[PDB]
Amino acid sequence: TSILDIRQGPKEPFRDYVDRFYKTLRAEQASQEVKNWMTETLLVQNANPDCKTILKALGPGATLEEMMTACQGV
Amino acid sequence: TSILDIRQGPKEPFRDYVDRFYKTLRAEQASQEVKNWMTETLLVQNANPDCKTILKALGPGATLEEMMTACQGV
Amino acid sequence: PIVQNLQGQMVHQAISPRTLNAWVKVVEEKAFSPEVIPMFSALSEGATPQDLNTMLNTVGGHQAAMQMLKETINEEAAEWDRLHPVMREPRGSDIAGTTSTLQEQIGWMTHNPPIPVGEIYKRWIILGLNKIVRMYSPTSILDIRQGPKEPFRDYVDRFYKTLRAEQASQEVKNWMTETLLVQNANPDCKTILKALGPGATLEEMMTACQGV
Amino acid sequence: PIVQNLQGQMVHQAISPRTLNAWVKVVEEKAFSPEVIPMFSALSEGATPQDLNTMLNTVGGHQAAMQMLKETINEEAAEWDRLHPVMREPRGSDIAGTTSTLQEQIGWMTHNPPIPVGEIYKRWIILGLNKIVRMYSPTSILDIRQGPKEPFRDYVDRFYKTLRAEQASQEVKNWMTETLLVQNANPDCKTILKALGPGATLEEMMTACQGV
Amino acid sequence: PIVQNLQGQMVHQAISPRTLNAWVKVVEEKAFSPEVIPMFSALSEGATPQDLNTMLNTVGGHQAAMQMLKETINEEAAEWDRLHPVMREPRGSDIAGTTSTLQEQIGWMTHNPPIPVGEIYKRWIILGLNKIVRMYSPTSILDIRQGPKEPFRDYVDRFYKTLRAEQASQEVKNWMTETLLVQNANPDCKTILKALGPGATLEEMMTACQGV
Amino acid sequence: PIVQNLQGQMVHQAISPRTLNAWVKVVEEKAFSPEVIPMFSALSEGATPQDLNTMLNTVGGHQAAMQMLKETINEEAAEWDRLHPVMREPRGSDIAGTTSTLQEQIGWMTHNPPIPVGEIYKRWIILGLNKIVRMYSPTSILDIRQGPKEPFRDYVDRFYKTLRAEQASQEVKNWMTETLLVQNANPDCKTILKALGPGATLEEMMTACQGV
Amino acid sequence: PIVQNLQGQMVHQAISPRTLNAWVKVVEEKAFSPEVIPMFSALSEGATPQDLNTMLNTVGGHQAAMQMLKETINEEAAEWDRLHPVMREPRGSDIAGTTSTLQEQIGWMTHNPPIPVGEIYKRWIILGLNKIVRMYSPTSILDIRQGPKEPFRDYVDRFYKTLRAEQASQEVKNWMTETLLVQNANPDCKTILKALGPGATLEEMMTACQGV
Amino acid sequence: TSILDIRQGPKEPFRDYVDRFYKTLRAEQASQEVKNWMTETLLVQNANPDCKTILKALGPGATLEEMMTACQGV
Amino acid sequence: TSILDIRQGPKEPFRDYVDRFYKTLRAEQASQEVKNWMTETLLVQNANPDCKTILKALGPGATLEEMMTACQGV
Amino acid sequence: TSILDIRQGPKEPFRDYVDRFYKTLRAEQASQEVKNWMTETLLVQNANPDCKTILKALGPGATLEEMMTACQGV
Amino acid sequence: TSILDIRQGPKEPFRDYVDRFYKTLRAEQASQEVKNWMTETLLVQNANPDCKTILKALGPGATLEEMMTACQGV
Amino acid sequence: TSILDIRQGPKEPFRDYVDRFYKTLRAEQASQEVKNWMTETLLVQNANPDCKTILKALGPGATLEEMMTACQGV
Amino acid sequence: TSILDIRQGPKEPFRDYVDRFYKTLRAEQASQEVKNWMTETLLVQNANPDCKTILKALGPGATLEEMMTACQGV
Amino acid sequence: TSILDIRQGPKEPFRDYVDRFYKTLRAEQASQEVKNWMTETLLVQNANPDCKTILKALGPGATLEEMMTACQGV
Amino acid sequence: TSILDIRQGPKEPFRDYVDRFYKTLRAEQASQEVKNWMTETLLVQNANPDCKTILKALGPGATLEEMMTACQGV
């Protein structure tokens, strides 16, 4: 699995998806600005729709803390 | 249509509603203090229930760029 | 307040216990509806900054309201020092009455011409109370709509009450009373309010809508 | 108001903070029902034009009411100058207390005979408050009808309250109390009110309709 | 009212603005229920005829009530001149305070022994207010009946309130409280009120009917 | 009340018109609920017997209440003469202020040590008002039961209000608050009030029953 | 309170009869809701311990409340003697005003610098009133939940009112307003209050929830 | 019957009711101030709905002669 | 028709009956006291019952003005 | 009919109602201050719902010429 | 049974109820001021509806001899 | 009939029974203390039950006036 | 089409009728007072009934601005 | 779960609820004044209806040892 | 029966069980600390469940008075 094809399932809790995403990101180990892009754009774009709407409600530039505490009810 | 009648439909994209709103706001050509008030309060109040909560979460300081960026995912 | 002594000197008279209890009834029972600003302005009327602090100690029970007052008073004291760079000089915290003595406050209020540090601080307080009154508004003006069988007098009262709570400058208020007040009327009144045309004063609107 | 100093000179005493708060409660809580005119006339009782302006600053929150007062005061000041063409002379804006000093107002109020610039300006204000009370009337007198099970005392109270808000001269009021009050009664009372004949006083009407 | 000056002379102090506003609240808000007589008698307490006229100017808004006062005052002034045929003499219209100067009123009130023209005129006014309170009664005493589940305390309150509005002399009042109060009770209370027998005081009636 | 004159002599100041109107509002509007005793005791606070008679003249409209006051005052004046057999001597009817001059009352109140004829007569009046408050109680304490969904704070308020109207000595009151207050609670509260055991203070009872 | 005599000496003026009646209305009619502390603090404002005892004699009708005051006053008087071991010395029961003369109280309040035995005893009383206000709370803060159609302004008012009755220190209050106020909101408001994030001030919470 | 129980029947002539009223009033023999009050107010209040309006139209000053003269036509 | 046999019909308005009555009275032209008796007694006695009750509610001695304004609703 | 009973029918022309109103106003012959009040307020209040709104839109200053001119089209 | 639970049955003789009441009052052995209050008020309030009215008619001053003498006929 | 066997019927008004009782007592003309006993005890004991309860509600020693006014509703 | 026969249809918005009217008036180019008459009288008389009533509610002499803003809801 | 969501089930042992409560209280790691408040008030308020009454009967001073000792029998 | 096998029945009132318990304890006459243990532990443990819960609601160390007054409603 590339980081590009890690995706959140319908039932999958956001914290499980985030852990899969960042483990894949850590292994795939692209350069820092590619990691910035992936953690800002792919992390949201590959979230499931119910998380993706809650994430975009935060506006870009939020921390991972704020993203996880936001999605924790989904 | 008066600007007070420009209301976002339940499935209408926020960008299409903003386009209608600011077109009507330009046609009505109320003075700038009134336009400022309308862009700050009325644009939010007339958004549909999906977008309206996103816009409130940005706070009154939101800029039209931020408002559209956030609502683009609805 | 300030009174003349029998020796002719200006001297402090403490704000009376029932004037303070009247202000307590205003702060407690009115929940910062807009009446709380005229009633403050009235009960404060002669007040020195020491007396005004004695009044604000009542708002100190509403810790959320009290910090907005503290903020706006600190803000205006700083801006005062900013516009007025340095019989001592009336500095911002001296006008607030934290720094100044009572004799300094009365002195400022009784030089010729006086420096009205009471009325100044009272104006900073009223600007803070305006923020609090705005926060405690139950509705925005866009939520105020006339009922299907509600008198136009009641709807006008609700409208102007809400309009008076809100931040709107006079130009925005004028636009609201000209256009929201018509738009948000019930259809029976809205017909007449349109038929008068846009140049109608509130008197003409009300006397036309009377009993509808 | 005016008081005697210990030196025997007439001098200003400021209108008390709780008298102002009483007037604020009148302006705010009564929504310009006709009670607001007797209560103004009472709380104003000793007032100089400076004090009357301090009271009108309370109405300044009701910008629609306040401009009717400004209008009627400017109108009466102009008409005063028109009837009274020119120890200085009391001009219209001097009676309003925009132009005059406090010492000028008290002087006029304490010459022999005095010029009662307080009671004059107070009368122009009461004429403006009459306009405002009329605008805020919930109903016209023709809308006041008795309920099918409403006491005639309640209906008389509603009627005379509305009659007291309206512009009617005393001749028109007399016709209304003689004929509308009968016409708009419920049929049970209307029978008795007719059977008394047209020359019945309100006392005779009420004591006949008592408990119906 | 009358006060002692620092020079020792008796002198007029004008009836205070909030005492007048208290009287306005009595006249306006209580609709001439019987409370309006004790409250008049209280707020009037020190009043000269000039002050009493300043109070009656409040009733002048209720033109039907005001003419009953004018009538009863003219009637009693005439009867005063009739019983008292002629440091000037206190004539009826002088006691009314239309004819007399303020200094004449205070003089009469401060001769030794005084002529209490204030308390006299105040008594004629209270006799007029009694007529008005009677006219505004919502019910006659014969209409006052206890509800099927109404406390005897509430019914006694309603009864004595109505009894206090009515024209009944004390002998007629005594008969009413002895017999109507029993007759018009609900059957549960009426049983006990009969079982006490006719010589029962109101205390004995109430404590027996308590909680029924 | 009594005040110091500028000449240093103690002198009468008449009980103020709005203090009398405050007492009228207490007598009229509260229907002798137990609040009427603290409010009497407060408004009376400085009163001479002349002033206390001026207050009782307000109760004179409630002829049933007024005769209980007359009775209790005559009773206590007689018992005063009985305990105190005979700068004149303060006799019972002199303390009542029917017999004594105003100067005699103030003299007694300002000898060294004083005879507090005001506070004495005020205590006889309060004993009469206690009888009247007891008569006007809507319920006996045995009738006070908690509703099935009534807060224990409301029930405690109703209970202690009724307990405060009744004749119970402090020992009987203590037994009532210990046992009736539990017995008459609803079953939800009654369970907890029993589980605390009999030695529970009202604070412990209320904080346990809070929100039940 | 304390006033300056015409001879320049500080002297007692008794707490006015209508200030006492205002305090009676606070104790009687408000049932120890938290307003009773600001209103005490206001009406007390100039009070000597003799005056404060005259105010507490009003609470003496609420024997359960009065013993909590007695307790807290005795407790603080003992702790005062404990921190302050022994122009006489102000001992605890002297500050309570059981032991001290009136002249001793005014002396302490007018030495240079003064010992503010009035404001001290007033602070012990306010600590007792806080205990009583807490006992009479109708609900704990955990019981305060928003209704399904209740304005967030009303719910905030209920919440902060209850929060103000409770014993919570400011750190616990801060946690409550940050987290209970969100948790106990209805789901419509709770969504927005969560979407603002945890760092939201009450102003930001209210203006976002306005009209929901 | 007390005087308060003496009430005019719906078809009873006013003269027969007055005869019952003043007979009962003589039997009860209340003092003259109370009798005056009863003859003035209670005699009117206890009349039937037909006569009661006639009596009110005469005003409180009506004399028993005038009251009976007026009600004779009912 | 004698004045004695002029009578108001069931549907006849009072003013029409009064005009018939006074025209007959004017023609029959009895002496003044007989006219007084007829205008006070026959005028009421020959009114229809609904007018006759309203007339007797006025009490004798009323003017013809007051009699007509009273009956005008019948 | 009193002037207070003169009310415009739902299909009645405003000119026919004005003719009835001013005929009744002339018959009642109330004093001129009362007539002025009736012509200003009561003529408007008694108009039918179609005309009444037209008359209110002219304001209280309307003259009978203007009132009739405006209502001629109903 | 507490004394507050001792209540007279609808057909129970007043003497049998008094026997139960004063037996329970002796067992509870509350202090004499409380006993006095209970004998004066509670004994009356707990009587059945037939006897309770008899006891109230004697007034608060009734003595147990008088109370029993009166209720013996129920 | 002896005074001992004079008794009130079920429908008999108390005043009729009292008149029969005291006429029999007057004729039978026992000594004064026997009359006292009969007028206090037999008069109540031979009343019908509805009167007898109302009489005992008065307590012994009442006058005949009070006994008759009490029973007058039965 | 003469200006005399330009007429508003049932569904036709007032602004479309006004534009047809004034284009025809501009082409037909009668003298100024005839144009005044046509723009005041024919413009209203040839409006459809729902507009014609709203126009006459304005009273004669209104501007074309006020006429168009008035009819814009029809 | 927040500590405010930790509520005792109707059949859940008080020791198992306390274990959940103090585990969540340790995880949330609010400052000690807030923990003190939660252990004193919230632990009681969130108990089930059986245990809650037991805990209230111990008073606010109860210690967790005493609270558990008492509720062990539920 | 040993004190160990004295037990409260389902219907048995607590005072009857306590009397059986303490009579058995008095006869079996174990040493004082064994009696302390039995009166604290066995007395509660052998109570019926409805009493046992009410007893444990008191917390250990209560007097026998408080235990009996507590269970008296069961």
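Refer to the structure presented above.
Residues numbered from 1 in each chain as written, not as in the entry; some residues may be left out. Chains lettered and ligands numbered in written order. Heavy atoms only, no water. Residues with missing side-chain atoms left out of burial classes, pairs and counts.

## Description of the overall build of chain C
Check the secondary structure of chain C and you find 11 helices and 2 strands. Across chain C, helices and strands are ordered from the amino to the carboxyl terminus as β-β-α-α-α-α-α-α-α-α-α-α-α. Structurally, chain C occupies a C-alpha span of about 65 × 40 × 35 Å along its principal axes. (Helix = DSSP H or I, 4+ residues; strand = E, 2+ residues; numbered from the N terminus.)

## A few points about the relation of the copies chain C and chain D
Note on the identical chains: chain C maps onto chain D by a rotation of 72° and an axial translation of 0.0 Å, with an RMSD of 0.0 Å. Here the symmetry operator amounts to a five-fold rotation axis. Interface residue correspondence from chain C to chain D reaches only 15%, placing this contact among heterologous pairings that use different surfaces. (Least-squares fit on C-alpha atoms. Contact = heavy atoms within 4.5 Å.)

## Comments concerning the interface of chain C and chain D
Across the boundary between the two partners, chain C contributes 20 residues, which contact 25 residues of chain D. Across the interface of chain C and chain D, roughly 2000 Å² is buried in total on both sides, 59% from carbon and sulfur atoms. Area buried by chain C at its contact with chain D is led by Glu45, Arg153 and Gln210 of chain C, which between them contribute 26% of it. Scanning the region where chain C abuts chain D turns up 2 salt bridges. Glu29 of chain D is the partner of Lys30 of chain C in a salt bridge, and the nearest nitrogen-oxygen pair spans 2.8 Å. Put simply, chain C and chain D have 4 residue pairs in polar contact between them. Counting only elements with at least two residues in the side of chain C that touches chain D, the list comes to α1 (17-29), α2 (36-43), α8 (152-165) and α11 (202-209) of chain C. Ranked by residues supplied to the side of chain C that touches chain D, first place goes to α2 of chain C with 4 residues. (Buried area = accessible area lost by both parts, 1.4 Å probe. Salt bridge = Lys/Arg side-chain N within 4 Å of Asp/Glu carboxyl O. Polar contact = N/O pair within 3.5 Å; in protein donor to acceptor, adjacent residues only side chain to side chain.)

## Quick notes on the pattern of salt bridges
Where charged atoms from two side chains of opposite charge approach closely, those side chains can pair. Residues and elements named next belong to chain F. According to the stated counting rule, one finds 40 salt bridges over all chains in the structure shown. Two residues, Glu150 and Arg158, come together in a salt bridge whose shortest N-O distance is 2.8 Å. The buried category is assigned to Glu150, whose relative accessible area is 17%. (Buried < 20%, exposed > 50% of the residue type's maximum accessible area, 1.4 Å probe, protein only.)

## Focus: a positive patch on the surface
On the surface, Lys25 of chain C, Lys25 of chain D, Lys25 of chain E, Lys25 of chain F together with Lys25 of chain G cluster together into a patch of positive charge. Position of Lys25 of chain C relative to the elements: it lies in helix α1. (Patch = residues over 30% accessible without salt bridge, like charges linked within 9 Å, V, L, I, M, F, W, Y side chains within 5 Å. Areas by Shrake-Rupley, 256 points an atom, 1.4 Å probe, with all protein chains shown as cover. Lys, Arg positive; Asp, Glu negative; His and termini not counted. Charge placed at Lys NZ, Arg CZ, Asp CG, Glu CD.)

## Regarding the packing of aromatic side chains
All names here are of chain F. Summed over all chains, the structure comprises 70 aromatic pairs over all chains. A centroid spacing of 5.8 Å and a plane angle of 55° characterise the contact between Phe152 and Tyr155, whose relative ring orientation is tilted. With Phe152 and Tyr155 both in helix α8 (residues 152-165), this residue pair falls 3 residues apart, about one helical turn. With respect to class, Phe152 is no different from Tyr155; both count as buried. (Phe/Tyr/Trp six-rings, centres within 6.5 Å; stacked < 30°, edge-to-face > 60°.)

## Some words on the packing of helix α9 (residues 170-183) of chain E against helix α2 (residues 32-45) of chain H
Direction vectors running N to C along α9 of chain E and α2 of chain H enclose 75°, while the axes themselves pass 8 Å from each other. Between α9 of chain E and α2 of chain H, the angle is such that the two are roughly perpendicular. Listed contacts from α2 of chain H to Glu171, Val172, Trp175, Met176 and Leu180 of chain E of α9 of chain E are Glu33, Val34, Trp37 and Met38 of chain H. Within the contact of α9 of chain E with α2 of chain H, the residues separate by chemical class into 7 nonpolar, no polar and 2 charged. (Axes fitted to C-alpha atoms, helices over the stretch in contact; angles between N-to-C directions. Parallel < 35°, antiparallel > 145°, perpendicular 65-115°, else oblique. Nonpolar A, V, L, I, M, F, W, Y, C, P; charged D, E, K, R; others polar.)

## What to know about the arrangement of the chains
Considering only C-alpha positions, the minimal separation of the non-contacting chain A and chain H is 75 Å. Looking at chain G next to chain I, you find no contact at all, with the nearest C-alpha pair sitting 56 Å apart.

## Brief notes about the packing of helix α3 (residues 49-59) of chain E against helix α7 (residues 117-135) of chain E
Residues and elements named next belong to chain E. Contact geometry for α3 and α7: axes closest at 9 Å, N-to-C directions at 25°. The angle between α3 and α7 falls in the class roughly parallel. From α3, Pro49, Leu52, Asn53 and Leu56 reach across to α7, where they touch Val117, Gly118, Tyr121, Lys122 and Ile125.

## Focus: a negative patch on the surface
Together, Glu71, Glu75 and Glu79 of chain C together with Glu203 and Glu204 of chain G give the surface a local cluster of negative charge. Residue contributions to the negative patch peak at 3 residues, all from helix α4 (residues 63-83) of chain C. Along the polypeptide, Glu75 of chain C turns up in helix α4. What makes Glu75 of chain C partly exposed here is its relative accessible area of 40%.

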